[PDB]
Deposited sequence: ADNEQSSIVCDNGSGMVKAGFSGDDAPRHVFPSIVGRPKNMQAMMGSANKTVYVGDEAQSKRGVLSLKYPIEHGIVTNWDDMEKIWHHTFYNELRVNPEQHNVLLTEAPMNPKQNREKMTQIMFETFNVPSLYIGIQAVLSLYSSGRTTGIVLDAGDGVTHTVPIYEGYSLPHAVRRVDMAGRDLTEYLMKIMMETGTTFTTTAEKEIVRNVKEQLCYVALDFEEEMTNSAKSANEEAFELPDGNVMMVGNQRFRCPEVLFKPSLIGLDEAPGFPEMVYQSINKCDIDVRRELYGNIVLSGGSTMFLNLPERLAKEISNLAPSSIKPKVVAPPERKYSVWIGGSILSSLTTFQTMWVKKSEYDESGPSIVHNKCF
């Protein structure tokens, strides 16, 4: 009966506590007649202007966000909010005001019985079966490295990089344009996204991959809806390489996944350092490229001290880890007393989540 809603920059994952997978996954957009939300706004980009209520993991416009929540409770889950506890997710370092606004919207507009807001990376860590470790969460609009001890993040050591899957799809369009074919229309961009999600992979050895792709003319065949075949070359492994070398898109101030994990760990108390290295948990859609966990493991092992053997945790269900951990956290007996009741909201106000949700 408990609701778990993970609101991302690109996709919303909604379901019930206890389930092993989110029952409803739909784009986090709002379409306005030049009002519609979700898959239907996606399918109707001819009479509609599209807006993203969440940018880089942070809610930007709250009217469309309330529309997303309305479509989630009534049009997707097909449920009444007053009859169900809702566990919501937030990005690390979420501004205090934003938490207050989502709390007030949940407790007043939806008159929810109880509510809890948890950090997404922390939920992923719960999904991995531990409460201490470092989570690398890479989705569509933002990437975070979050060290966590006993279920509590270390905010001073968190790193945020505003680059993820959308930037990767744009870079794939750019580096596929060099074959003479442009990808500017809606359907062409859909093809590029499909190629990124289906054909792209992380090179275990980038230079060896370049050599083997140049000397053997290795090209994969992507079948188009009309039956024509598109040949994709080295771009397949040049697009996700951006995650390891952000300077490929001029993002020199972004260190890349291995150095991101390294610097986040090195900002922590060394007494926990080893435990952080032994539990590097990957989550999010942009961590699903083939060979990404193994490559990250090799690089972080090359960076770590000699007496430390890092371990990367990356289950095949990374993309929904945040949701799964949520559905796990709302299922634990300890968490039953951690819900913020409506009485506490009527007493202390929307600021109560600053004390109860940390």
Deposited positions without coordinates, collected into consecutive stretches in sequence order: 1 to 5, 40 to 51
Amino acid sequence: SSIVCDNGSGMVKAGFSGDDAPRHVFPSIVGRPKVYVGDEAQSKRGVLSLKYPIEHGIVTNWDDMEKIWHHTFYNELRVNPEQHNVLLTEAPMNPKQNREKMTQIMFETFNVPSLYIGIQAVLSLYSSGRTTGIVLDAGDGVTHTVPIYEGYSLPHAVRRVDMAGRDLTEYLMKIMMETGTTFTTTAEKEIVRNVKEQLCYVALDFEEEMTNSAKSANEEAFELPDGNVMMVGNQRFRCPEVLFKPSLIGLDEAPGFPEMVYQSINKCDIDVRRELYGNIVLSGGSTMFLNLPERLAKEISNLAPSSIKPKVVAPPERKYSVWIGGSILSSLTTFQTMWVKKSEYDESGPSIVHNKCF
From here on, numbers count along this sequence of modelled residues.
Segment of higher mean CA temperature factor, 222 to 230 or 75 to 83: 75 to 83
Mean C-alpha B factor from the entry: is it higher for 173 to 181 or for 146 to 154? 173 to 181
Say you rank 100, 90, 197, 140 by Cα B-factor from the PDB entry; which sits at the top? 100
Looking only at 279, 131, 109, 287, the Cα with the top B-factor belongs to 109
Grab the CA temperature factor for residue 38 from the record and place it in the lowest, middle or highest third of its chain. highest
Here the Cα B-factor of residue 247, set against its chain, lands in the third termed middle
Test of reading the entry: by CA B factor among the chain's modelled residues, which third contains residue 293? lowest
Residue 32: CA temperature factor from the record, placed by chain third, in the highest
Taking the values exactly as deposited, rank residue 46 by C-alpha B-factor within its chain and report the matching third: lowest, middle or highest. highest
